[PDB]
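Chains as they are written, first to last, in PDB author numbering: chain E, 579 to 693; chain Y, 232 to 757; chain V, 348 to 462; chain R, 694 to 757. Using N, Cα and C, we set each Cβ at its ideal position, and we do this for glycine too. The block underneath contains the structure these notes are about, expressed in structure tokens.
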Amino acid sequence: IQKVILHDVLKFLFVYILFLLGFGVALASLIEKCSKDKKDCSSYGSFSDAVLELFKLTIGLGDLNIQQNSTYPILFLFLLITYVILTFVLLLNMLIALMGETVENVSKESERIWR
Amino acid sequence: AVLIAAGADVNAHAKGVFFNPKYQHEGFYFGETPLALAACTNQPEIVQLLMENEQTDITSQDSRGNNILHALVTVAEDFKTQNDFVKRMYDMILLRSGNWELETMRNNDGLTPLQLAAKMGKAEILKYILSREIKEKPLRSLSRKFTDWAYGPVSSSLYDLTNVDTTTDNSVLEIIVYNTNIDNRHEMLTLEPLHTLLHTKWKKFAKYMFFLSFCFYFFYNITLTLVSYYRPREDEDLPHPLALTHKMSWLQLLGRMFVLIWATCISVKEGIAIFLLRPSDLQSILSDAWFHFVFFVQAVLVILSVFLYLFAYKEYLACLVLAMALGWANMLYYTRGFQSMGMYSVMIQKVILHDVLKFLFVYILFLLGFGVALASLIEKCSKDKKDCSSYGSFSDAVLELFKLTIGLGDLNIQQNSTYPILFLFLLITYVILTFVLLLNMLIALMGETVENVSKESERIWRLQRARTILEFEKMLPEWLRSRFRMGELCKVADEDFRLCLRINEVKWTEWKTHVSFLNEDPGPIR
Amino acid sequence: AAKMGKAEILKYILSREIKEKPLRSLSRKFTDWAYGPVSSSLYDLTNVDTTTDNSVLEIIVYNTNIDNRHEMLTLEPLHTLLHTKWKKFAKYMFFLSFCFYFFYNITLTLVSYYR
Amino acid sequence: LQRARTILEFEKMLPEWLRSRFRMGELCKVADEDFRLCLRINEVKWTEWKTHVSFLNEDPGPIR
Ligand SMILES: CCCCCCCC/C=C/CCCCCCCC(=O)O[C@@H](COC(=O)CCCCCCCCCCCCCCC)COP(=O)([O-])OCC[N+](C)(C)C
Ligand SMILES: CCCCCCCC/C=C/CCCCCCCC(=O)O[C@@H](COC(=O)CCCCCCCCCCCCCCC)COP(=O)([O-])OCC[N+](C)(C)C
Ligand SMILES: CCCCCCCC/C=C/CCCCCCCC(=O)O[C@@H](COC(=O)CCCCCCCCCCCCCCC)COP(=O)([O-])OCC[N+](C)(C)C
Ligand SMILES: CCCCCCCC/C=C/CCCCCCCC(=O)O[C@@H](COC(=O)CCCCCCCCCCCCCCC)COP(=O)([O-])OCC[N+](C)(C)C
Ligand SMILES: CCCCCCCC/C=C\CCCCCCCC(=O)O[C@@H](COC(=O)CCCCCCCCCCCCCCC)COP(=O)([O-])OCC[N+](C)(C)C
Ligand SMILES: CCCCCCCC/C=C\CCCCCCCC(=O)O[C@@H](COC(=O)CCCCCCCCCCCCCCC)COP(=O)([O-])OCC[N+](C)(C)C
Ligand SMILES: CCCCCCCC/C=C\CCCCCCCC(=O)O[C@@H](COC(=O)CCCCCCCCCCCCCCC)COP(=O)([O-])OCC[N+](C)(C)C
Ligand SMILES: CCCCCCCC/C=C\CCCCCCCC(=O)O[C@@H](COC(=O)CCCCCCCCCCCCCCC)COP(=O)([O-])OCC[N+](C)(C)C
Ligand SMILES: CCCCCCCC/C=C\CCCCCCCC(=O)O[C@@H](COC(=O)CCCCCCCCCCCCCCC)COP(=O)([O-])OCC[N+](C)(C)C
Ligand SMILES: CCCCCCCC/C=C\CCCCCCCC(=O)O[C@@H](COC(=O)CCCCCCCCCCCCCCC)COP(=O)([O-])OCC[N+](C)(C)C
Ligand SMILES: CCCCCCCC/C=C\CCCCCCCC(=O)O[C@@H](COC(=O)CCCCCCCCCCCCCCC)COP(=O)([O-])OCC[N+](C)(C)C
Ligand SMILES: CCCCCCCC/C=C\CCCCCCCC(=O)O[C@@H](COC(=O)CCCCCCCCCCCCCCC)COP(=O)([O-])OCC[N+](C)(C)C
Ligand code: NA
Ligand code: NA
Ligand code: NA
Numbered sequence: 579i580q581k582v583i584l585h586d587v588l589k590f591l592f593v594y595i596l597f598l599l600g601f602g603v604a605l606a607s608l609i610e611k612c613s614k615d616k617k618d619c620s621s622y623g624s625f626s627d628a629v630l631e632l633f634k635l636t637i638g639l640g641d642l643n644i645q646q647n648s649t650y651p652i653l654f655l656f657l658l659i660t661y662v663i664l665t666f667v668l669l670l671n672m673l674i675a676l677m678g679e680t681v682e683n684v685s686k687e688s689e690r691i692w693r
Numbered sequence: 232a233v234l235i236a237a238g239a240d241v242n243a244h245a246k247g248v249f250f251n252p253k254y255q256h257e258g259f260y261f262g263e264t265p266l267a268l269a270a271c272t273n274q275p276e277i278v279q280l281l282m283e284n285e286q287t288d289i290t291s292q293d294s295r296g297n298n299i300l301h302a303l304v305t306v307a308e309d310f311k312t313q314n315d316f317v318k319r320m321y322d323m324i325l326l327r328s329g330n331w332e333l334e335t336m337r338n339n340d341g342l343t344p345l346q347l348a349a350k351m352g353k354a355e356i357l358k359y360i361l362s363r364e365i366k367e368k369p370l371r372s373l374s375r376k377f378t379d380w381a382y383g384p385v386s387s388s389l390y391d392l393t394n395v396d397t398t399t400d401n402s403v404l405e406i407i408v409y410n411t412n413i414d415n416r417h418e419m420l421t422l423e424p425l426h427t428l429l430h431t432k433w434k435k436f437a438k439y440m441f442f443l444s445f446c447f448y449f450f451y452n453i454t455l456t457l458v459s460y461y462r463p464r465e466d467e468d469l470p471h472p473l474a475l476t477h478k479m480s481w482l483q484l485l486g487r488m489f490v491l492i493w494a495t496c497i498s499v500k501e502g503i504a505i506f507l508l509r510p511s512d513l514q515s516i517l518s519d520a521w522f523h524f525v526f527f528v529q530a531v532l533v534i535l536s537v538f539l540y541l542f543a544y545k546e547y548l549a550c551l552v553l554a555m556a557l558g559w560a561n562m563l564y565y566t567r568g569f570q571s572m573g574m575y576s577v578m579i580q581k582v583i584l585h586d587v588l589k590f591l592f593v594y595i596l597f598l599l600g601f602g603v604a605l606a607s608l609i610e611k612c613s614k615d616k617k618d619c620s621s622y623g624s625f626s627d628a629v630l631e632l633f634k635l636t637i638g639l640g641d642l643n644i645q646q647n648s649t650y651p652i653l654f655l656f657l658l659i660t661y662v663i664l665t666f667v668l669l670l671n672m673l674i675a676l677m678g679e680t681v682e683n684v685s686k687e688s689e690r691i692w693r694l695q696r697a698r699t700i701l702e703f704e705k706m707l708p709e710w711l712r713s714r715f716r717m718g719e720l721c722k723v724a725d726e727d728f729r730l731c732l733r734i735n736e737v738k739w740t741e742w743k744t745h746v747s748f749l750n751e752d753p754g755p756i757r
Numbered sequence: 348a349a350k351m352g353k354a355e356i357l358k359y360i361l362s363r364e365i366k367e368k369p370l371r372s373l374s375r376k377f378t379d380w381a382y383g384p385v386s387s388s389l390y391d392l393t394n395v396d397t398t399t400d401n402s403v404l405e406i407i408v409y410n411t412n413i414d415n416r417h418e419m420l421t422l423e424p425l426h427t428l429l430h431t432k433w434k435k436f437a438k439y440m441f442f443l444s445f446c447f448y449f450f451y452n453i454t455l456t457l458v459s460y461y462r
Numbered sequence: 694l695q696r697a698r699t700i701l702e703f704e705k706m707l708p709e710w711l712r713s714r715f716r717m718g719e720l721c722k723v724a725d726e727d728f729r730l731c732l733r734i735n736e737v738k739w740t741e742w743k744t745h746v747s748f749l750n751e752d753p754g755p756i757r
């Protein structure tokens with residue numbers, strides 16, 4: 579647990595927060611003013627709301643709704659599918675492949691480090 | 232020996248089409264002379280027989296401009312195929328000549344034998360030439376490695392930097408880094424006068440220019456984000472906050488000017504670096520100039536978002552938002568200053584090209600295949616008049632199968648389907664093919680890619696940092712390159728100064744008494 | 348030998364080169380020319396090519412019994428002979444087979460979705 | 694092996710006058726009255742050095 583955190587988990591969290599806060603401002607700058615429906619017209623209305631909705635989409639909770647208050651509805655869906663490919667397909671599946679290389683090397687030495 | 236004593240011409244040139252072949256299987260190129268034929272076919276007794284003859288001109292050139300030492304570089308191969316006889320023929324011919332006449336001769340392309348080995352990727356000959364040390368006294372001047380002092384285990388050597396450093400054109404360091412053809416650039420930079428020479432450039436000037444490059448690109452994105460997120464938002468009024476149109480007399484308006492003048496500094500500069508490097512190959516695009524296009528595509532979308540405001544098409548906002556999201560993903564270029572994150576960005580490049588693109592080709596075949604089958608199976612929604620099905624169209628069925636794979640939403644089998652058992656058979660078959668087969672096999676194939684690239688990802692990183700070091704060096708002026716110059720003048724022999732580079736070494740295995748040193752007193756003198 | 352899967356005897360027969368003069372006619376591999384490293388050889392194709400019935404190439408491909416078919420096709424007069432067929436006619440017949448099966452599905456989909 | 698089964702099933706389909714045009718090989722005079730329709734493969738070898746006998750042709754270059 580000590581070797582996996584220092585080698586693998588900290589490099590993952592550095593690249594993930596670059597993509598979380600990067601697509602979070604792009605999607606928040608693309609939503610209109612909510613005066614026409616006066617409440618609950620969008621869940622991406624702020625920077626703090628768009629970062630929360632992209633974090634729920636990675637751990638698997640909630641529900642996906644593309645009927646936002648966006649001016650450009652095709653551009654919103656292009657940036658929201660690109661976020662899924664970079665994190666759900668690339669970064670989370672590569673963390674498992676890099677932990678299997680760390681475990682293979684520390685298994686030779688973990689008994690002498692314990693004593 | 233019968234024919235030479237009978238008067239055979241020892242300077243004939245076999246210049247036919249079979250001896251100057253067009254393709255590699257049609258003929259055999261050896262150097263057109265009978266001295267090169269004996270050397271390229273591993274016949275050392277006939278080489279010694281021909282060099283003793285006084286009529287043998289050892290400095291003759293063929294039609295390509297090559298001489299005897301250019302031709303041995305052309306036919307050289309690895310240790311696996313051609314074990315090592317070419318490296319021993321290069322040494323025997325050079326010592327009998329006794330001059331620098333063959334080493335400093337240029338063929339019709341303008342290359343010496345040292346620059347021809349770096350052009351073709353001959354890493355076993357180039358290891359020999361850069362570290363050539365001759366121990367005998369009258370032939371010591373033909374070396375490129377000199378022992379300055381030695382005392383027991385410790386020694387100190389000097390490596391010649393005549394045509395390997397970037398003080399001239401077509402240097403050895405510039406040919407190895409910028410070579411699109413060969414496929415062992417990252418193994419040729421581990422050689423010893425080249426490995427220390429890039430490490431010296433990174434300490435003196437190159438790490439400080441890589442930090443000013445980071446700071447002014449970070450401030451460029453953080454002032455592009457704030458002016459686009461904090462726009463004046465009205466339905467009746469949409470002022471572009473850039474160029475400072477309203478006379479509000481609000482200072483710190485230079486941040487609005489810093490996006491205009493810095494978008495033109497990038498689009499002009501990255502247009503030149505694409506123009507000077509024509510790859511003519513899609514593999515050379517992805518492997519060397521990926522960050523030249525993607526810094527150029529961003530800086531154009533910032534400029535087009537200002538020309539579309541002057542024409543008022545109201546699609547400028549589509550170009551700013553694409554420039555904001557692309558700009559924060561371009562901060563991953565700057566992870567090559569560090570070894571830990573720089574080797575991690577080499578894994579991301581190899582996993583996308585090998586594993587992720589094959590997954591997306593088979594997944595979209597199954598997504599769009601079951602999407603039309605399930606959409607053609609749902610009735611007309613006039614009986615309930617609204618919300619009777621979520622699979623009513625092709626565009627709705629593709630969306631509901633994408634949500635079912637990433638894990639969101641809710642599964643409902645009470646559709647408006649005519650055949651309710653056939654709908655559930657096609658919806659469970661989609662889960663087995665993607666959730667059980669394709670997503671679990673992507674993890675198993677990434678573990679095979681990671682296992683092979685882990686052997687090579689450090690040498691691939693140092694080739695990516697070496698291209699960053701050299702492009703900083705063509706930028707800074709002539710009077711800065713004299714101050715940050717490597718090496719020191721060393722009196723090698725009588726009237727011979729070569730501007731060498733010093734490397735220290737400790738060795739405990741081969742014990743010997745020391746001769747052929749340049750200096751008797753071992754300690755550092757000043 | 349091709350029927351039973353004897354890959355060590357079949358490697359010997361297909362590349363049999365005899366150097367002596369009166370018994371050179373019993374070869375199946377002849378040196379056309381040579382100059383230094385480069386040479387050029389000739390491989391006999393009497394009963395290994397598909398101009399006759401029960402050829403060696405047809406027995407190795409269509410054999411259900413043996414379990415080393417994919418190792419016996421690496422042998423040398425058989426490896427170049429399949430590469431020559433793919434360049435001359437077989438890659439062009441594999442592309443017309445793709446185009447008329449793609450158009451068959453794309454006209455079956457449109458008439459069933461737009462009923 | 695999966696591509697080789699696709700190549701051969703295309704060859705039984707196309708007619709007899711197409712198989713003469715796409716036929717592999719060339720007639721080679723091996724000995725006195727012996728023609729065998731061989732196939733040519735080139736090779737470069739750097740390890741075993743020897744003098745050359747038992748060749749069919751003295752002049753090494755491609756003749757036409
Ligand atoms: C180097 C090779 C790769 C890169 C190529 C490009 C290089 C540089 C170019 C860069 C951008 C050039 C386009 C800028 C302006 C377009 C924005 C726009 O108007 O919205 C458009 C969306 O169109 C998009 O989504 C564009 C997003 C990028 C697509 C580029 C291909 C990506 C590869 C993935 C390929 C598959 C994905 C295809 C896209 C889905 C549509 O507009 P709207 O939303 O309908 O608004 C209607 C407004 N209304 C409602 C008021 C009536
Ligand atoms: C940070 C998070 C932000 C996240 C935002 C998103 C970003 C996303 C990702 C981002 C990737 C990570 C950030 C990129 C940073 C790279 C910069 C760099 O090159 O660092 C280098 C040092 O840098 C220095 O130069 C030291 C600072 C001294 C002052 C420099 C001012 C120069 C002016 C004064 C000039 C005049 C005076 C000079 C006299 C000659 C580190 O290099 P190194 O390899 O470690 O060095 C070897 C050390 N070793 C031996 C242990 C190996
Ligand atoms: C113009 C297209 C931009 C992307 C568009 C996406 C669709 C186009 C399809 C692109 C096909 C993807 C294949 C990429 C090939 C190599 C990957 C790579 O370089 O890895 C890098 C990681 O960088 C990444 O994260 C790669 C992910 C691509 C998109 C990044 C998010 C941008 C958002 C886009 C939204 C706005 C789109 C607006 C424009 C349409 C690091 O690896 P490297 O070791 O540094 O390798 C470079 C080697 N070199 C340094 C010597 C050169
Ligand atoms: C080679 C060996 C493997 C292949 C074997 C076959 C080879 C070739 C055959 C091909 C298809 C032959 C059947 C065609 C017509 C049947 C369609 C039909 O009427 O719907 C039926 C569903 O039945 C099905 O779901 C059939 C789907 C394929 C099942 C074949 C076994 C798959 C293995 C998986 C094994 C376990 C799964 C079993 C299936 C759940 C029921 O109809 P309904 O929906 O109730 O409609 C009522 C209408 N009403 C409401 C108006 C009153
Ligand atoms: C817990 C979550 C919050 C923690 C954050 C607190 C900051 C302090 C964090 C950690 C404390 C110090 C780091 C580890 C100390 C050295 C040990 C080591 O192996 O380092 C490794 C990892 O080092 C990295 O490169 C991590 C990547 C960037 C770190 C950015 C902060 C953490 C990301 C989360 C937040 C990002 C947002 C903020 C970013 C600006 C170096 O890799 P290596 O290859 O193993 O080198 C060892 C050599 N060896 C293999 C030969 C052995
Ligand atoms: C394990 C983790 C350890 C580390 C912890 C980190 C984990 C979590 C990190 C962060 C979580 C933050 C969530 C929101 C919190 C406060 C909101 C806020 O301040 O935004 C403010 C400014 O926002 C802007 O104006 C735009 C953002 C500017 C920076 C651009 C981000 C790109 C950085 C990418 C690269 C950086 C990273 C590089 C790689 C490291 C505005 O707030 P608001 O929403 O508009 O409020 C409006 C409501 N009101 C009107 C009622 C007043
Ligand atoms: C789990 C594994 C993940 C793998 C992901 C697999 C990938 C693909 C996965 C999923 C793609 C399909 C799912 C959603 C699309 C359809 C949604 C829909 O309802 O239609 C919408 C239309 O929208 C469009 O017409 C544009 C569709 C393309 C969006 C971008 C393509 C991929 C981006 C590439 C990313 C760059 C790559 C860079 C990354 C490195 C809505 O239209 P409508 O409903 O008809 O009604 C509206 C009214 N109207 C008709 C008047 C208009
Ligand atoms: C004049 C005095 C300095 C003050 C103002 C500085 C103004 C400029 C500062 C920073 C520019 C920020 C770069 C971000 C945008 C990239 C595009 C661009 O236009 O930048 C260019 C200029 O970038 C540099 O060359 C940085 C080094 C500073 C050079 C100026 C000092 C010269 C004297 C030396 C003495 C220094 C210290 C010596 C140690 C004692 C290149 O950037 P890049 O990253 O290489 O290109 C992208 C990578 N890519 C090619 C793969 C695509
Ligand atoms: C855990 C207890 C609680 C947290 C502690 C309290 C906070 C701790 C604060 C600071 C510690 C943060 C980590 C720095 C040291 C990591 C060690 C390392 O190897 O780094 C390497 C790269 O790692 C990087 O530096 C990547 C750049 C990411 C941004 C971090 C910049 C650090 C400046 C600090 C600013 C703060 C940013 C973060 C603060 C939010 C160094 O590069 P390298 O030497 O060339 O490669 C090493 C490989 N080798 C070992 C084989 C040679
Ligand atoms: C980002 C998402 C959108 C991108 C799409 C843009 C198109 C351009 C895409 C990528 C640019 C060019 C491809 C890579 C260039 C060569 C590098 C390479 O290694 O190729 C590899 C992958 O090549 C494939 O075979 C991919 C599978 C089919 C690709 C279909 C488009 C992408 C699927 C998504 C969209 C599908 C929908 C459209 C399809 C009609 C070949 O495999 P290899 O075994 O590694 O060979 C290397 C040899 N080696 C191992 C000895 C080293
Ligand atoms: C990383 C990814 C990069 C690449 C991007 C791709 C990712 C995303 C790709 C695609 C997402 C597209 C989502 C829908 C968007 C437009 C809708 C549309 O045009 O359908 C139209 C035609 O539709 C038909 O008539 C049936 C389909 C014909 C083709 C058959 C599909 C099988 C292809 C399988 C093999 C192909 C792949 C092979 C392997 C590659 C009808 O539209 P509608 O729904 O009926 O509207 C009705 C509403 N209205 C009545 C109000 C008007
Ligand atoms: C007559 C002139 C041509 C114009 C009309 C063409 C009409 C037909 C074109 C394409 C048919 C499309 C196939 C899809 C459906 C498969 C079933 C089927 O019936 O197809 C069959 C015919 O398929 C072929 O043989 C393709 C090659 C064309 C043969 C006709 C030219 C003969 C002359 C040669 C000169 C060519 C050029 C030489 C270069 C100079 C076989 O298809 P399959 O894929 O092998 O079978 C499935 C695989 N499986 C066996 C494992 C199951
Ligand atoms: Na879930
Ligand atoms: Na859920
Ligand atoms: Na695994």
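- The C-beta distance from Y:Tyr390 to Y:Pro344 rounds to 18 Å, too long to meet the 8 Å contact threshold.
- Cβ-Cβ distances below 6 Å link Y:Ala437 to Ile700 and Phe703 in the same chain, with the five nearest sequence neighbours on each side left out; the list follows chain order.
- C-alpha of Y:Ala530 to C-alpha of Y:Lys353: approximately 40 Å in a straight line.
- Taking each of Y:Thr290, Y:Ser294, Y:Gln292 and Y:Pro265 in turn and checking the Cα distance to Y:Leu280, the smallest one comes out for Y:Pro265.
- The way I'd put it, the segment 703 to 721 of chain Y doesn't touch the segment 603 to 619 of chain Y; fewer than three beta-carbon pairs between them come closer than 8 Å.
- Look at Y:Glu355: its C-beta is not under 8 Å from any C-beta on chain R.
- Taking the CA atoms as reference points, Y:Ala697 sits about 14 Å from Y:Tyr565.
- Contact of R:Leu701 with chain V is assigned, a C-beta pair being separated by under 8 Å.
- For the options V:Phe449, V:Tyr409, V:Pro384 and V:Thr399, the alpha carbon positioned closest to that of R:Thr744 is the one of V:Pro384.
- Relative to ligand 2, even the nearest heavy atom lies 7 Å or more away from the CB of E:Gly600.
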